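Single chain ahead, written as C-alpha cells, the form deposited in one PDB entry.
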C-alpha cells in the first residue's frame, strides 16, 4: 500500500508528523533523503530535519543535520528552502539554503554547509550575498540578493545554485566551484523583471526545465515552467503548469525517480498553513507526478491520492475503486470511447462499437458531493469539457486531471439502468452529436433535451 494522501501532513514510521517544509530530496545509494526546515515557538529557525526511505512512502526520522546550535548566527535567524546536493569528486554532501536576520528580510543571503555523510551532523560554513567581492551593489548592500533558492547537479558534474535576486524580480543561476561549497561565476540571469519564485531546476533529455511559481506570499498562485537546450541561453517563454493555484501549493523540489520500468519525475510542494492563518509548522504537503507529453510540453495532474512504486520507478494515480465500466448509448448502442484509442492529451471523445477494448473502459472516482470523475483506463486521463465551455455543442475530450468542475459528472437515474450524465460546470448532459448512430460519433455537451442520444447505461466489465 505505497499510497500517499495529498493536502495532509505525512507521518514518519514513528507515528509523528513529518516536518520538512520547503525542503528537497536526494537519491544516494539505496535511500532517498528528504531534507527540510521548520520553525519553533518564535517562528524562527529551529532545525533542518532529515528523513530517509527506500519506498518514498514510509519515512524514518534521522535527526537534525543542521541545528540552531550549529553556528552562532543560526541562533536567531530565519532559514528556509534548504537543498542538498552530492559531489562525486569530493564525496561530501554540500547543503545550500536561504538565510535571514529573523527580525527582517534585508539580509538576502545564501548559506552553505556540508558533511561526509547524508544523515550526519552538517558543519555550518558561512552566509553571504553572492558576488560580494566583485563590489556590485544590490539595493543598498554589497553582493547580489539571494532569497528563494535551489540546487542542481548537471550531467557533466558541474554544480549550480539558483536564487531570486534584485528584490525577487530576477532569477540568478550561479555556477559553483568544483567543490560545490563556493560560487565560481554568474551563469546567467533568467526571466528578468518577471518576478518568479520557488525555482526548481531539472534536466531530462538534453533539455533543462525550470519550474517556478508566482510572488504572492502564502497565497497559492499559477505555477509556470520553461525549457532550453543550454543553461546559459536559449530559454523559452513561461508556460502555465497545473491550475491557477497549483492545486493549493507552492513548488519546492523535483527529483527523477528511477526504477526498473523507467524514470518518473516527482513533484514536491508546500501547502503553507499561512493561507488560512496557521503557523508554518502546520503546513501540509502535495506530491504529484510530473509527466512529459513532449520535450517541450509538460503536464502536472492533480491526484487526491498518489500511488508510488520506487522500485519500478512508476508514479501514477490511486483509484479507490478499480471497478471497470462501459457507457452504452441508448439511441446508438455504441459505447463511450477515445478517438483512435489514443492516449494523447486532449484526445477527442467519440462513440464506438462495443469491442471490449481498453479505450472503452472507465473508472468512477468519487470526488465529493454527488459528482464523480470519469477516468479512462488505457490512459489515466479524465473526461473533460474542452476549454471549460458552457455552450451547446461543446466538444468532450480526455484531459489531464486538474480538479476542474468541467471534469466532474453527476449520474441521474432515469430507470432501466440508464442515466443522464450532467456536468458540474453548467449542468449540460453528455451528448452524441446530431444523434449519430455510426462509429466516430463526436461526443459533446448539450442541454437536457430528453433525447435518447443523451441517455447512457452503466455496464460492468
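Numbering follows the first chain given and starts at 1.
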Between 146-154 and 387-395, which has the larger average Cα B-factor in the PDB entry? 146-154
Going by the entry, of stretches 446-454 and 8-16 the one with greater average Cα B-factor is 8-16
Which of 54, 434, 420, 424 ranks first by CA B-factor in the deposited coordinates: 54
Using only the C-alpha B-factors in the record, can you name which of 221, 331, 348, 281 has the highest? 281
Compare the C-alpha B factor of residue 167 with those of the other modelled residues in its chain, then answer lowest, middle or highest third. middle
Using only modelled residues of the chain, where does the Cα B factor of residue 296 rank: lowest third, middle third or highest third? middle
When the modelled residues of the chain are sorted by Cα temperature factor, does residue 174 land in the lowest, middle or highest third? highest
Quick check on the deposited entry: does the C-alpha B-factor of residue 193 sit in the lowest, middle or highest third of its chain? middle
Third of chain Cα B-factors occupied by residue 244: lowest
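The protein also exists as the form deposited in another entry; that form is not presented, and the subsequent description refers to it.
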Two rigid parts rotate relative to each other between the shown form and the other one; which of 281, 319, 58, 178 lies at the hinge? 319
